[PDB]
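First, one chain by itself in structure tokens, the form deposited in one PDB entry.
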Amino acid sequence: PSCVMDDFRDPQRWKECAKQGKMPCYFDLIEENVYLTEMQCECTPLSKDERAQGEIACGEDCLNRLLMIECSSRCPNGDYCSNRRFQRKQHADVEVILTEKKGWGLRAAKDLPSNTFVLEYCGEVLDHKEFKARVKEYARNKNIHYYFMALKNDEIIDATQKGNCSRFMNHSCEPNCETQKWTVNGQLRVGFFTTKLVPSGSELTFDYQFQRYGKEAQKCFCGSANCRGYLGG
């Protein structure tokens, strides 16, 4: 069984689909981080002609891009700016699929070039105390899957109760994706980016080590030749 990201925007169809196992269990779908406890680059504006020809606005040499800072609405290239991906939700084409042993996962629905933005990892942002309170509550609940992603000092993103389809990305010891932390309006965010060409139909994975927390070690079913046997601890 598989589904498209848009299926998750229809609550009643989702809830019926999940009742039949055609979709993952319900979560609260969100498109920006929620905090539980509450500048222009120097790129030359491209001409209309340069845009027509396919030239890229705020590409590899953009001073903002070079520091993993996204441009604002005030970018010299305005609408043309290609360095506003988190903000404009310029996601890769991906599907949510049921795996054999890992629960649900994500797979490329088209060929994805190397270094393609996949999705932002959204959820509830927690401080250390809230995080520890959540770990104990989830253990008490006998939860199987964990969704704690390190963001910064004293900031953890928890996608357990609220998030988007990024929360379905499974671990691999030999992954095809990586996290990258990007500054958007002075605020840090976390997103997934391919590290190689990902052929259509392949599962999208990243290495959880040092960035995902899980209270119990879980046996790894990644299947790589170099599998380390476990994720979390």
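Here the rigid core means the biggest group of C-alpha atoms that line up within 1.5 Å when the two forms are laid on top of each other. Note that residue numbering begins at 1 and tracks the sequence as displayed. Shifts are known only where both forms have a C-alpha.
Novice: With residue 38 and residue 39 adjacent in the shown sequence, let me know how many deposited residues between them lack coordinates: none, 1 to 3, 4 to 9, or 10 or more.
Specialist: 10 or more residues lack coordinates between residue 38 and residue 39.
Novice: Mind pulling up the entry and telling me whether 107-115 or 158-166 has the higher mean Cα temperature factor?
Specialist: According to the PDB entry, the answer is 107-115.
Novice: May I ask you to compare 195-203 and 181-189 by their mean CA B factor in the entry and name the higher one?
Specialist: Of 181-189 and 195-203, the stretch with the higher C-alpha B-factor average is 195-203.
Novice: Pick out which of 47, 33, 64, 176 has the highest C-alpha B-factor in the PDB entry.
Specialist: Going by the entry's C-alpha B-factors, 47 comes out highest.
Novice: Looking at the entry's B-factor column for C-alpha atoms only, identify whether residue 212 ranks in the lowest, middle or highest third of its chain.
Specialist: Within its chain, residue 212 is a lowest-third residue by C-alpha B-factor, going by the deposited values.
Novice: Quick one: classify residue 17 as lowest, middle or highest third of the chain based on its Cα B-factor.
Specialist: It falls in the top third of the chain.
Novice: Using only modelled residues of the chain, where does the Cα B factor of residue 69 rank: lowest third, middle third or highest third?
Specialist: Within its chain, residue 69 is a lowest-third residue by C-alpha B-factor, going by the deposited values.
Novice: Taking the values exactly as deposited, rank residue 152 by C-alpha B-factor within its chain and report the matching third: lowest, middle or highest.
Specialist: Top third by C-alpha B-factor.
Novice: Using only modelled residues of the chain, where does the Cα B factor of residue 225 rank: lowest third, middle third or highest third?
Specialist: As the PDB entry reports it, the C-alpha B-factor of residue 225 lands in the highest third of its chain.
Just so you know, the form deposited with a partner chain bound exists too; it's not on screen, but the next bit is about it.
Novice: Mind telling me which stretch in 122-130, 136-144, 98-106, 76-84 gets its heavy atoms within 4.5 Å of its partner chain in the bound PDB entry?
Specialist: Heavy atoms within 4.5 Å of its partner chain in the bound PDB entry occur in 136-144.
Novice: 58, 184, 46, 190: which sits within 4.5 Å of its partner chain in the bound PDB entry by any heavy atom?
Specialist: None of the other options qualify; the answer is 190.
Novice: Under a 4.5 Å heavy atom criterion, is residue 16 part of the interface with its partner chain in the bound PDB entry?
Specialist: No.
Novice: Given that the partner is absent here, does residue 149 sit within 4.5 Å of its partner chain in the bound PDB entry, heavy atoms only?
Specialist: Although its partner chain is absent here, residue 149 would touch it in the bound PDB entry, with heavy atoms inside 4.5 Å.
Novice: If you check in the bound PDB entry, is residue 221 within 4.5 Å of its partner chain, heavy atoms only?
Specialist: It does not: once its partner chain is placed as it appears in the bound PDB entry, residue 221 has no heavy atom within 4.5 Å of it.
Novice: Can any non-hydrogen atom of residue 36 be found within 4.5 angstroms of its partner chain in the bound PDB entry?
Specialist: Result no; residue 36 lies far from its partner chain in the bound PDB entry.
Novice: Residue 215: with the rigid core matched between the shown form and the other one, does its Cα shift 2 Å or more?
Specialist: Yes, the C-alpha position differs by at least 2 Å between the shown form and the other one.
Novice: So the C-alpha spacing of residue 210 and residue 101 changes by 3 Å or more in the bound PDB entry; is that change toward closer or farther than shown?
Specialist: Pair moves closer in the bound PDB entry.
Novice: In the bound PDB entry, the Cα separation between residue 146 and residue 210 changes by 3 Å or more relative to the shown form; did it shrink or grow?
Specialist: Their C-alpha distance shrinks by at least 3 Å in the bound PDB entry.
Novice: Looking only at residues found in both forms, which runs of 3 or more have C-alpha shifts of at least 2 Å between the shown form and the other one after a core fit?
Specialist: Run 210-216 stands out as the only one displaced between the shown form and the other one - at least 3 residues long.
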